[PDB]
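K.L.:
Sharing a structure, written as structure tokens. Questions coming.
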Amino acid sequence: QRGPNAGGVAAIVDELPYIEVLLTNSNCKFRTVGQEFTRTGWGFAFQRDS
Amino acid sequence: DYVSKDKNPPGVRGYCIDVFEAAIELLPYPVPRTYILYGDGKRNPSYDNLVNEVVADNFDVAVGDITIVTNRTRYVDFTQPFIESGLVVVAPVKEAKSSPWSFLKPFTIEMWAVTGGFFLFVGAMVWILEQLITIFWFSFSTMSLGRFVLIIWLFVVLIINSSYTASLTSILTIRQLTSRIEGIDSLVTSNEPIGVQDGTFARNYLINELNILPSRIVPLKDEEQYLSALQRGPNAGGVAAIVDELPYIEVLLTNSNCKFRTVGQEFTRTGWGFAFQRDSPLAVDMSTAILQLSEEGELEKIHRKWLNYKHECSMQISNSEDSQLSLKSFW
Amino acid sequence: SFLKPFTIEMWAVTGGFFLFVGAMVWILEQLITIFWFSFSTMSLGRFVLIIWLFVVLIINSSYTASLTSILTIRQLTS
Amino acid sequence: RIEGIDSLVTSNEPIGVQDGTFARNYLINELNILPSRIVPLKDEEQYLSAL
Amino acid sequence: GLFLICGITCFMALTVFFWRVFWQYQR
Ligand SMILES: *[C@@H]1O[C@H](CO)[C@@H](O[C@@H]2O[C@H](CO)[C@@H](O)[C@H](O)[C@H]2NC(C)=O)[C@H](O)[C@H]1NC(C)=O
Ligand SMILES: N[C@@H](CCC(=O)O)C(=O)O
Ligand SMILES: N[C@@H](CCC(=O)O)C(=O)O
């Protein structure tokens, strides 16, 4: 809301299924300006060779 | 140039081999070793079937151009990335012409003689109502029945004004809205055939992640057909763009003329590496070798031996496609 | 960004040679320059008035066909 | 715009179909349409709210 | 087609001028 000035940031880099939660909560005053510039996916993290 | 068949008594030649060789004499270990080639001499070998021959323990180590993907890190262990790489998009450059021919272009060459011809024959109609004697009509045609000739001739010039605009717009838009790509997101949606190299992860990364049809991705064998699939363009069986790793592309620009340029940035920036047997203790041995090989600058000195080919040749450098009315159009 | 058609190397050529063909009115003419604005608005010097009418007739078209080439693709650059 | 099925193949917009049909597995199998574009739809009230 | 109107209008005024020449001979 403060934009680049007044101590604010210009653009938040987030993962995709957080932006989906954020943009539904707000109105469409924010846009996902590009696409997924590193698309990997989530997952569980077991111990090595288990 | 990177790794190759050779007739020498080591058996192979390239760049990654001599990075692998120059890490061995940093280790305190006298390591006996052999070199077994893998694929045919007709195309590239499938690197998912090279790393598959390390999981099944036919090879203790795959040295080459093996690129770190998140299945390949899962089944084998890699070293540190000794060189950086990313998938780029190479494509033909913008050849925006400039001429006084480009000035007179929105009419046919016959139309520039009919229009200039039917200003003098209409100008000769003024003499019926009416070198130095012929200029007297121009003093009379600055602004009865001869006024009715001027009314129809007005609506002629109010059409040749109003069509020369409509054929200089319809050139200056279709020149902009032609089949263009300026990023990977331009290449996903514009449904043109994409070239890749054969035997890579780039075939099964665009399908798996970028959601590209398998009929668009066209394999390609060698570096001469990496030109003939772009000289023909998207039509005539060729492809629109080749998607390769960055150290392959910086060879292709120097090997060809200044007709291609990487239209985007790297959209997956991972790096290369040696593919070991899984959980082998040599991986902690050669990760310490390469990170000592890099900080002593020897990793750069070997790069000048084989990969010295680097010419910028700034044909276009992220050029803004905008107004840009040609300098030779008003020459 | 209004001035963005006709990139800035081709404005001073336009207004500069506006005066060069405008100098031809003064040839075929404070008190001389005020009368130099007379025939510049609307013989051998009257034949350049035909050709200079054609030149600004294309600069009117090229400035429109540059501005239509901006206001259309900027509706189609997503 | 779309004025034909060839307009709808290339213009990469999401296409609605009805659920449980051969039209889902005819556009994929023959017309070469991505499976992510074809969106199933249950009943005749949602055949309006998807347009 | 637009040059057809260049032909019909100009050839119309030849006939009005020739009728004026035919009336020039009437003096
Ligand atoms: C992920 O990488 C692996 C190795 O390339 C592939 O998964 C299986 O790997 C085993 C090796 O032990 C093969 O025998 C299987 O045939 C592979 N599975 C399949 C379905 O081929 C797999 O190819 C990679 N994942 C993707 C999506 O390509
Ligand atoms: N970096 C590519 C190279 C493929 C090739 O050279 O054919 C890979 O690892 O898949
Ligand atoms: N004619 C369609 C009907 C499908 C439906 O009603 O769901 C079919 O046979 O597949």
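Numbering starts fresh at 1 for the residues of each chain in the structure tokens, the chains themselves are lettered A, B, ... in the order given, and ligands are numbered from 1 as they appear.
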Would you list the residues that come within 7 Å of ligand 3? Count only C-alpha atoms and all ligand atoms and give the answer as a PyMOL selection string.

P.N.:
chain D and resi 18-23

K.L.:
Only N, CA and C atoms, please: the residues just picked out, written as a PDB file, in the first residue's frame.

P.N.:
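So the final result, stored in again-v1.pdb, reads:
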ATOM      1  N   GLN D  18     -19.403 -31.005 -21.441  1.00  0.00           N
ATOM      2  CA  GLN D  18     -20.197 -31.668 -20.430  1.00  0.00           C
ATOM      3  C   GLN D  18     -19.421 -32.851 -19.865  1.00  0.00           C
ATOM      4  N   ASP D  19     -19.775 -33.249 -18.652  1.00  0.00           N
ATOM      5  CA  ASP D  19     -19.098 -34.354 -17.996  1.00  0.00           C
ATOM      6  C   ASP D  19     -19.627 -35.669 -18.546  1.00  0.00           C
ATOM      7  N   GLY D  20     -18.750 -36.671 -18.578  1.00  0.00           N
ATOM      8  CA  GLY D  20     -19.124 -38.011 -18.982  1.00  0.00           C
ATOM      9  C   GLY D  20     -19.552 -38.095 -20.427  1.00  0.00           C
ATOM     10  N   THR D  21     -18.615 -37.933 -21.347  1.00  0.00           N
ATOM     11  CA  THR D  21     -18.949 -37.930 -22.757  1.00  0.00           C
ATOM     12  C   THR D  21     -17.763 -38.467 -23.537  1.00  0.00           C
ATOM     13  N   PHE D  22     -17.940 -38.588 -24.846  1.00  0.00           N
ATOM     14  CA  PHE D  22     -16.806 -38.867 -25.705  1.00  0.00           C
ATOM     15  C   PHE D  22     -16.133 -37.590 -26.170  1.00  0.00           C
ATOM     16  N   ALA D  23     -16.801 -36.443 -26.005  1.00  0.00           N
ATOM     17  CA  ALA D  23     -16.257 -35.168 -26.453  1.00  0.00           C
ATOM     18  C   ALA D  23     -15.020 -34.772 -25.670  1.00  0.00           C
TER      19      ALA D  23
END

K.L.:
Using only C-alpha atoms and all ligand atoms, find each residue in chain B having at least one atom no more than 9 Å away from ligand 1; report its shortest atom-to-atom pair and that distance in Å (one decimal), rows by chain then rising number, as CSV.

P.N.:
residue,atom,partner,partner_atom_place_in_ligand_line,distance
B:47,CA,ligand 1,5 (O),8.6
B:48,CA,ligand 1,5 (O),5.0
B:49,CA,ligand 1,5 (O),7.0
B:50,CA,ligand 1,5 (O),8.9
B:51,CA,ligand 1,5 (O),7.0
B:52,CA,ligand 1,11 (C),6.0
B:55,CA,ligand 1,12 (O),6.8
B:56,CA,ligand 1,12 (O),7.4
B:69,CA,ligand 1,2 (O),8.9
B:70,CA,ligand 1,1 (C),7.9
B:71,CA,ligand 1,2 (O),4.5
B:72,CA,ligand 1,2 (O),6.2
B:74,CA,ligand 1,2 (O),7.9
B:75,CA,ligand 1,4 (C),7.1
B:201,CA,ligand 1,28 (O),8.7
B:204,CA,ligand 1,28 (O),6.5
B:205,CA,ligand 1,28 (O),8.4
B:208,CA,ligand 1,27 (C),6.8

K.L.:
Using only C-alpha atoms, which protein or nucleic acid residues come within 9 Å of residue 9 of chain E? Drop anything in the same chain fewer than 4 positions from it, and give the result as a VMD selection string.

P.N.:
(chain B and resid 148 to 149 152) or (chain E and resid 4 to 5 13)

K.L.:
Restricting the output to C-alpha atoms, write the selected residues as a PDB file, in the first residue's frame.

P.N.:
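Written out: out.pdb:
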ATOM      1  CA  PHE B 148     -16.792  21.507 -60.079  1.00  0.00           C
ATOM      2  CA  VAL B 149     -13.556  19.936 -61.296  1.00  0.00           C
ATOM      3  CA  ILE B 152     -14.285  16.063 -57.316  1.00  0.00           C
TER       4      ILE B 152
ATOM      5  CA  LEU E   4     -13.570   6.086 -63.050  1.00  0.00           C
ATOM      6  CA  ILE E   5     -15.083   9.180 -61.424  1.00  0.00           C
ATOM      7  CA  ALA E  13     -16.731  19.029 -69.056  1.00  0.00           C
TER       8      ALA E  13
END

K.L.:
If you count only C-alpha atoms and all ligand atoms, which residues end up within 7 Å of ligand 2, as JSON, numbers by chain?

P.N.:
{"B": [44, 45, 46, 47, 65, 66, 67, 197, 198, 199, 200, 201, 202, 245]}

K.L.:
Output N, CA and C atoms for every residue in the selection just made, as a short mmCIF file (atom, residue, chain, number, x, y, z; two decimals), in the first residue's frame.

P.N.:
data_model
loop_
_atom_site.label_atom_id
_atom_site.label_comp_id
_atom_site.auth_asym_id
_atom_site.auth_seq_id
_atom_site.Cartn_x
_atom_site.Cartn_y
_atom_site.Cartn_z
N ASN B 44 22.73 -37.69 -30.21
CA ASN B 44 23.11 -37.60 -28.81
C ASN B 44 22.56 -38.79 -28.04
N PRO B 45 23.24 -39.26 -27.01
CA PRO B 45 22.65 -40.27 -26.14
C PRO B 45 21.69 -39.65 -25.15
N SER B 46 20.63 -40.39 -24.85
CA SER B 46 19.60 -39.94 -23.92
C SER B 46 20.20 -39.86 -22.52
N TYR B 47 20.31 -38.65 -21.98
CA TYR B 47 20.97 -38.50 -20.70
C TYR B 47 20.13 -39.00 -19.53
N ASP B 65 28.20 -33.70 -19.69
CA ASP B 65 27.38 -32.50 -19.62
C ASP B 65 26.09 -32.78 -18.86
N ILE B 66 26.19 -33.57 -17.79
CA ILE B 66 25.01 -34.01 -17.08
C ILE B 66 24.49 -32.85 -16.24
N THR B 67 23.21 -32.54 -16.39
CA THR B 67 22.60 -31.34 -15.84
C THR B 67 21.73 -31.72 -14.65
N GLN B 197 17.36 -29.92 -28.67
CA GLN B 197 18.34 -30.91 -29.03
C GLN B 197 17.85 -32.29 -28.59
N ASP B 198 18.37 -33.32 -29.25
CA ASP B 198 17.97 -34.68 -28.94
C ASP B 198 18.70 -35.15 -27.69
N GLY B 199 18.03 -36.02 -26.93
CA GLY B 199 18.62 -36.63 -25.76
C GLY B 199 18.94 -35.64 -24.67
N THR B 200 17.92 -35.09 -24.03
CA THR B 200 18.14 -34.08 -23.02
C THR B 200 17.02 -34.16 -21.99
N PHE B 201 17.11 -33.34 -20.96
CA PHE B 201 15.99 -33.18 -20.06
C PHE B 201 15.05 -32.09 -20.52
N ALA B 202 15.50 -31.25 -21.46
CA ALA B 202 14.69 -30.14 -21.95
C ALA B 202 13.46 -30.62 -22.71
N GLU B 245 20.68 -25.15 -23.38
CA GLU B 245 21.41 -24.62 -22.24
C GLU B 245 22.34 -23.52 -22.69
#

K.L.:
Got a sec to pull out which chain A residues are within 12 Å of chain C, counting only C-alpha atoms, and send them as JSON, numbers by chain?

P.N.:
{"A": [33, 34, 35]}

K.L.:
Can you tell me how far atom CA of residue 53 of chain B sits from atom CA of residue 34 of chain B, in Å to one decimal?

P.N.:
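Answer for the atom CA of residue 53 of chain B to atom CA of residue 34 of chain B separation: 15.7 Å.
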
K.L.:
For chain D, which residues have at least one atom within 9 Å of chain B, if we go by only C-alpha atoms? Write them as a ChimeraX atom specification, please.

P.N.:
/D:10-12,32-34,36

K.L.:
Suppose we keep C-alpha atoms; can you now write the selection as an mmCIF file, in the first residue's frame?

P.N.:
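Final file, out_12.cif:
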data_model
loop_
_atom_site.group_PDB
_atom_site.id
_atom_site.type_symbol
_atom_site.label_atom_id
_atom_site.label_comp_id
_atom_site.auth_asym_id
_atom_site.auth_seq_id
_atom_site.Cartn_x
_atom_site.Cartn_y
_atom_site.Cartn_z
ATOM 1 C CA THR D 10 -5.334 -22.436 -31.656
ATOM 2 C CA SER D 11 -6.566 -19.602 -29.425
ATOM 3 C CA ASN D 12 -5.624 -21.571 -26.211
ATOM 4 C CA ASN D 32 -4.862 -32.038 -30.307
ATOM 5 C CA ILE D 33 -6.148 -29.992 -27.385
ATOM 6 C CA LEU D 34 -4.336 -29.885 -24.044
ATOM 7 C CA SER D 36 -5.721 -28.562 -18.998
#

K.L.:
For chain B, report every residue with an atom at most 12 Å from chain A (counting only C-alpha atoms), formatted as a ChimeraX atom specification.

P.N.:
/B:69-71,74-75,86-87,183-186,188,205-206,208-211,264-270,278-279

K.L.:
Deliver the residues from the most recent selection as a file, using C-alpha atoms, as a tab-separated table (two decimals), in the first residue's frame.

P.N.:
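This is the output file selection.tsv:
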chain	number	residue	atom	x	y	z
B	69	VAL	CA	17.46	-31.94	-12.39
B	70	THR	CA	15.38	-32.91	-9.37
B	71	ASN	CA	15.04	-36.50	-10.38
B	74	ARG	CA	17.29	-37.93	-6.19
B	75	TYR	CA	18.71	-41.14	-7.62
B	86	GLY	CA	20.29	-22.28	-17.89
B	87	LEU	CA	17.72	-22.95	-20.55
B	183	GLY	CA	10.25	-14.55	-23.60
B	184	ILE	CA	9.42	-18.10	-22.69
B	185	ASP	CA	5.81	-17.10	-21.94
B	186	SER	CA	5.60	-15.85	-25.51
B	188	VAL	CA	4.32	-21.27	-24.55
B	205	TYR	CA	10.92	-30.49	-18.80
B	206	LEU	CA	8.84	-28.46	-21.25
B	208	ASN	CA	6.22	-31.93	-17.69
B	209	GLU	CA	6.33	-28.38	-16.34
B	210	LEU	CA	5.71	-25.68	-18.94
B	211	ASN	CA	2.64	-27.52	-20.38
B	264	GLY	CA	15.00	-14.12	-22.99
B	265	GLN	CA	16.79	-14.76	-19.77
B	266	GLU	CA	17.44	-18.17	-18.26
B	267	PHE	CA	14.15	-19.59	-17.02
B	268	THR	CA	15.71	-22.55	-15.17
B	269	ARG	CA	19.18	-21.78	-13.79
B	270	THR	CA	20.74	-24.93	-12.35
B	278	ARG	CA	24.78	-42.88	-5.09
B	279	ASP	CA	26.32	-42.15	-1.67

K.L.:
For chain B, list the residues within 9 Å of chain C, counting only C-alpha atoms, and write the list as an MDAnalysis selection string.

P.N.:
chainID B and resid 132 135:139 141:143 161:162 164:173 176:177 322:327 330

K.L.:
Might you pull out every residue within 10 Å of residue 11 of chain A, with only C-alpha atoms counted and same-chain residues fewer than 5 positions away left off, and present them as a JSON list (two decimals) with C-alpha atoms, in the first residue's frame?

P.N.:
[["chain", "number", "residue", "atom", "x", "y", "z"],
["A", 3, "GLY", "CA", 4.47, 1.27, -2.66],
["A", 4, "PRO", "CA", 8.22, 1.47, -3.27],
["A", 30, "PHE", "CA", -2.68, -6.71, -6.98],
["A", 32, "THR", "CA", 0.63, -11.67, -10.66],
["A", 33, "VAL", "CA", 2.69, -9.78, -13.22]]

K.L.:
As a PyMOL selection string, could you give me every residue of chain E near chain B (at most 9 Å apart, counting only C-alpha atoms)?

P.N.:
chain E and resi 2-3+5-6+9-10+13-14+16-17

K.L.:
Write out as a list in words each polymer residue whose atoms come within 10 Å of residue 231 of chain B, counting only C-alpha atoms; drop sequence neighbours fewer than 5 positions from it.

P.N.:
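Those residues are residues 92, 225, 226, 236, 238, 239, 240 and 259 of chain B.
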
K.L.:
Output N, CA and C atoms for every residue in that selection, as a PDB file, in the first residue's frame.

P.N.:
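Ended up saving to out01.pdb:
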ATOM      1  N   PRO B  92      15.564 -16.008 -34.342  1.00  0.00           N
ATOM      2  CA  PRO B  92      16.122 -15.037 -35.289  1.00  0.00           C
ATOM      3  C   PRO B  92      15.929 -13.599 -34.833  1.00  0.00           C
ATOM      4  N   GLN B 225      21.973 -28.890 -38.530  1.00  0.00           N
ATOM      5  CA  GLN B 225      20.523 -28.850 -38.579  1.00  0.00           C
ATOM      6  C   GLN B 225      19.961 -27.898 -37.530  1.00  0.00           C
ATOM      7  N   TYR B 226      20.800 -27.398 -36.624  1.00  0.00           N
ATOM      8  CA  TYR B 226      20.367 -26.333 -35.729  1.00  0.00           C
ATOM      9  C   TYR B 226      20.293 -24.989 -36.436  1.00  0.00           C
ATOM     10  N   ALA B 236       7.798 -24.398 -43.598  1.00  0.00           N
ATOM     11  CA  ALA B 236       8.655 -25.312 -44.369  1.00  0.00           C
ATOM     12  C   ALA B 236       9.290 -26.391 -43.492  1.00  0.00           C
ATOM     13  N   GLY B 238      10.449 -26.324 -40.505  1.00  0.00           N
ATOM     14  CA  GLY B 238      11.357 -25.889 -39.468  1.00  0.00           C
ATOM     15  C   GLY B 238      10.628 -25.517 -38.192  1.00  0.00           C
ATOM     16  N   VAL B 239      11.396 -24.982 -37.247  1.00  0.00           N
ATOM     17  CA  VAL B 239      10.878 -24.639 -35.933  1.00  0.00           C
ATOM     18  C   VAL B 239      11.121 -23.163 -35.661  1.00  0.00           C
ATOM     19  N   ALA B 240      10.355 -22.628 -34.713  1.00  0.00           N
ATOM     20  CA  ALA B 240      10.431 -21.203 -34.421  1.00  0.00           C
ATOM     21  C   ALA B 240      11.644 -20.872 -33.565  1.00  0.00           C
ATOM     22  N   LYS B 259      23.065 -13.494 -36.670  1.00  0.00           N
ATOM     23  CA  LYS B 259      21.668 -13.540 -37.081  1.00  0.00           C
ATOM     24  C   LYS B 259      20.749 -14.081 -36.002  1.00  0.00           C
TER      25      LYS B 259
END

K.L.:
Can you list, as a ChimeraX atom specification, every protein, DNA or RNA residue that comes within 10 Å of residue 16 of chain D when you count only C-alpha atoms, leaving out same-chain residues fewer than 6 positions away?

P.N.:
/D:24,37-41,47,50-51
